[PDB]
Every structure is written in C-alpha cells, then in structure tokens.
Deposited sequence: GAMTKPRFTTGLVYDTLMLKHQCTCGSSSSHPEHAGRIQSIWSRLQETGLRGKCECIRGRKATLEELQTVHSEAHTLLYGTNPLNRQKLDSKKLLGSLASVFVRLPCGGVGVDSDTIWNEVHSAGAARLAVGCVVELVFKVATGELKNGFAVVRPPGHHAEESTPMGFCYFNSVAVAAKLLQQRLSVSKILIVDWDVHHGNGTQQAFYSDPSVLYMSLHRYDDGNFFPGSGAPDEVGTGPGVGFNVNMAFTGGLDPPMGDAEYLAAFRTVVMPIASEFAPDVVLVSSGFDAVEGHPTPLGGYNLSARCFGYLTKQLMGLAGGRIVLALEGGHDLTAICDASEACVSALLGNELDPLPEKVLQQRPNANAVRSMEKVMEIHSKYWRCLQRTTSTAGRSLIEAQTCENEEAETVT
C-alpha cells in the first residue's frame, strides 16, 4: 500500500558497495531491513543531493561551497587524480580509498546526499504521500554547526529538513527529538531563538565531561525561544550505566508531557543508536536494548497524528544498530513489538537518573504547565507509575 512507511537509502553514500556484505553501517542496516522483509512492506523513496540553497537554510555560504562542491571542478593529472580515489579490495570489488585525502572529501559528498535523502522523505510524510519514515543515511549530521563541521558531521540533515518545512510548507510547530547518546549541538544552535520548533535532546552529559561537552539542562533557549530547548542531560557517569528503565522514565516524566503540551504538527527524530548496549564507555557507556527503541518510537507516533520521520545519526556496533533499526521500522509499520522483559517493567530508575530528571523538571517547570501541577514521580518503575495513576 502506498500510504505506509517510507525508507530512503542510496548506494552513492557508500565508500564501497559489495554483494554478500567488510560492509559498513548503512549497508548492513539496509540488508537487515531487506532480509527481514520490512523493506518489502515499505515504500522505497529515491534520494538526491541537497541543493546549495537548501544547505544554506542552516549553514553559511562559505561552509556550503567548501564542503558541498567537487574540488576537482576548481582545478593526465585528472586521470591520475581519479585513479588514486579508488582501491581494489580483497573481495575483488573497488572502493573509495580510506587511506587517502579523498576519504573526507567523499564523506562530505555523502553528507550532501544524506541531507537531500532526508528532505525527500520528510516532505513525502509531511504532505501525506507517506504515513511514516526511516532514513538510512550517513554520515550523521547533528553536530554540524552553522560554519563548523565536527564529530564526523558536515551538514545537519535534520535541521535543514526542519528549516524547509517552515519555509516551503509554513509548518507551524515542529518537534525534534534527538536520542543519540551525544548532544545535538548543531540542532540546538539552529533553533535556539525559535519557539516554533521544540528541540529535545536525551544525552550523556556528566557535567560537561562527555563529547561534545555542550547541552546543560540550563540551556533553555534565548529571546522568544526561551522554554523551547530541553536538554534531558544525564549526569553521574556510569554508576550505574543508564538503561531502559531510565530512558523510559525520562519519556514518562519529561519528554512526553512537554511534547504533548507543545502539540507538534510534525516530529523529526535524530535517531542515533550509540546508547544501546555494545558501545563501550568512551563512545557510549549506556546499555539500552534495541527493543526499547521500538517502544520509544511508538510513543512519539502518538504525536503529530503519527507524522514522524527518524533519521539515522550515530551508532557503531553492527548488531546493535541493525537490531535497533529493525525495532524502529517495525514500530513505524504498526507491527506488534516484542514485549519488554518483566525485569525492565519492574525496575526503578537509578538514583543518578532520577536526580538528572528532577533537575530538568525543576528548570522547565517555569515554562511548561505539565510540570507546575505536581510533585515528582520520576523514581517509580513503569508498573508502579501505572498502578499509582488509577485510584
């Protein structure tokens, strides 16, 4: 059926395409979606390069021309330049040579394609051509600032897509949720003074001591945007690590009450999976299950009438990102999800997480009615919170 979940992917984002895939992140996720038959139930959407004008909704002209255009256009030596871009591999295939100067050039070109791929999917959902969508896209975008690439990001795909929704379709309210384990500093910057888009980040913060070092609970916006930047910053380190119970409690007490009050017209998700188990201690440190992300997706699908697009950001462990991508797409298709273990449903969130949640709720009680009514119940398990709503 055509009114269903869309997927966007493009082999031109790959360093090396290879049958029987070795094989990087997005090629592996695409295979898992193909192999499980989820792609078959989905509408596959054709991507394209973002235009230079589209990238300039977020980034400076200078940034866009430097990283967004083929350097050879400014310049026997052509045949020699083309030759060393490529290398023949032990599978008998060819790829972009990762040991050369073309590694970062190609990644920036991949980034330009990633933005257009996301824009295409977002517009089909926002317009009702599609219901839902997931963008299988690389590199990530959420750390790229107006004039600064960083943390493997060149262009902020999700922020560009939001700017174009506002400028082309006049979308009144957009919610961006960012659940990559790292703060989306780029996205925060792009909308910091704008009350028409609510940015909500869940991230490891530990009082400024985790990459990229931004995203304090204090940072609530500037000007008329005051109140519309929510940093659900976890602090306390890994004593113990954050897991399913902690993120589920954060959705119950902070994310869903604020997002529900805001009442967005479209939801965009910066969907990194580096919080799932399999991402050791400097990269991630947390141990969410892949299946928890299927549940978080289903929660957000209750907003904006279900007009939601998830865009892959970080995540490295192949099993983890494939398990998680599978759970999110399955949720978007409306399939029944694997139930969360009794263990997770019974578990009270750890003390560091409760403290973190209460700090944010305190700061944002000033700006949201849903946090003015009551006392905190952040320390309850899901079963307990369920039990103690009734009577």
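Sequence ranges 1-5, 27-33, 88-91, 408-413 have no coordinates in this entry (deposited sequence, numbered from 1, C-alpha basis).
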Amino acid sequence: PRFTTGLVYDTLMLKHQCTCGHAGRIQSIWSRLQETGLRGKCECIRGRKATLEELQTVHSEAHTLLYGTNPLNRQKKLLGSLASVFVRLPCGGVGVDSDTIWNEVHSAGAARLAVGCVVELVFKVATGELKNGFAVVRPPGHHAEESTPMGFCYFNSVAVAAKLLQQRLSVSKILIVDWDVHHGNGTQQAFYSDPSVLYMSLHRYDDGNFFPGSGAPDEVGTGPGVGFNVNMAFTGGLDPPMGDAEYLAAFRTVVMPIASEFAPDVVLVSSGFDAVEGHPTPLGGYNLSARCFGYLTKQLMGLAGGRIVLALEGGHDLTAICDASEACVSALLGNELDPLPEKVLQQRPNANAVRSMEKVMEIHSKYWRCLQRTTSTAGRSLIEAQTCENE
From here on, numbers count along this sequence of modelled residues.
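Between 58-66 and 339-347, the higher mean Cα B-factor belongs to 339-347. Averaged over Cα atoms, the B-factor as recorded in the entry is higher for 88-96 than for the other of 153-161 and 88-96. Highest CA B-factor among 168, 112, 279, 182, as stated in the entry: 168. Among the modelled residues of its chain, residue 123 has a C-alpha B-factor that falls in the middle third according to the deposited record.
When the modelled residues of the chain are ordered by C-alpha B-factor, residue 191 sits in the middle third. In this PDB entry, the Cα temperature factor of residue 71 sits in the top third of its chain's modelled residues, the highest group. Sort the chain's modelled residues by C-alpha temperature factor and residue 129 lands in the middle third, per the entry.
Annotation for residue 305: C-alpha temperature factor in the middle third relative to the rest of the modelled chain, per the entry.
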